[PDB]
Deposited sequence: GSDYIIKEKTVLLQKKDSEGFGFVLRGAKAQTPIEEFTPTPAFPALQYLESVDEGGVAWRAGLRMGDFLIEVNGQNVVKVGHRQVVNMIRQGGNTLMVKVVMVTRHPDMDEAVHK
């Protein structure tokens, strides 16, 4: 079994701050798997920050940024989409359990 907790959330922030998360992730040999469904994921989330209050947590895999699939996308490009968005970001993530 793979228990999936999917959420799609909107982050809104001032310029004096970040969204409050570390994004990590990778080649071309990645094949999406229930255990590991995406390339980029959240390494940590600032508990006192914006991405935490919206429900993002350590270990969330990033599925969609601002409406676009980023399952197979590389770190620099995903970071770019996120940076284009400015002070708002719509992201879809999944948490995998068991």
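Asks: Missing C-alpha coordinates: which residue stretches of the deposited sequence does that apply to?
Replies: Comparing the full sequence with the modelled residues, the uncovered ranges come out as 1 to 2, 29 to 33, 106 to 115.
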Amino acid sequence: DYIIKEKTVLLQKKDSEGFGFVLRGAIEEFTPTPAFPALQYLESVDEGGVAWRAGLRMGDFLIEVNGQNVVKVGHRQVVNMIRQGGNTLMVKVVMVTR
From here on, numbers count along this sequence of modelled residues.
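For the two forms, the rigid core is made up of the largest set of C-alpha atoms that agree within 1.5 Å on superposition.
Asks: Between 30 to 38 and 54 to 62, which has its CA atoms farther from the current form in 4 other deposited structures of this protein, using a rigid core superposition?
Replies: So, of the two stretches, the farther one in 4 other deposited structures of this protein is 30 to 38.
Asks: For the C-alpha atoms alone, is the average B factor greater in 73 to 81 or in 9 to 17, going by the entry?
Replies: On average, C-alpha B-factors are higher across 9 to 17.
Asks: Could you settle it for me: does 60 to 68 or 28 to 36 have the higher average Cα B factor in the PDB entry?
Replies: Taking the mean C-alpha B-factor of 60 to 68 and of 28 to 36, the larger value falls to 28 to 36.
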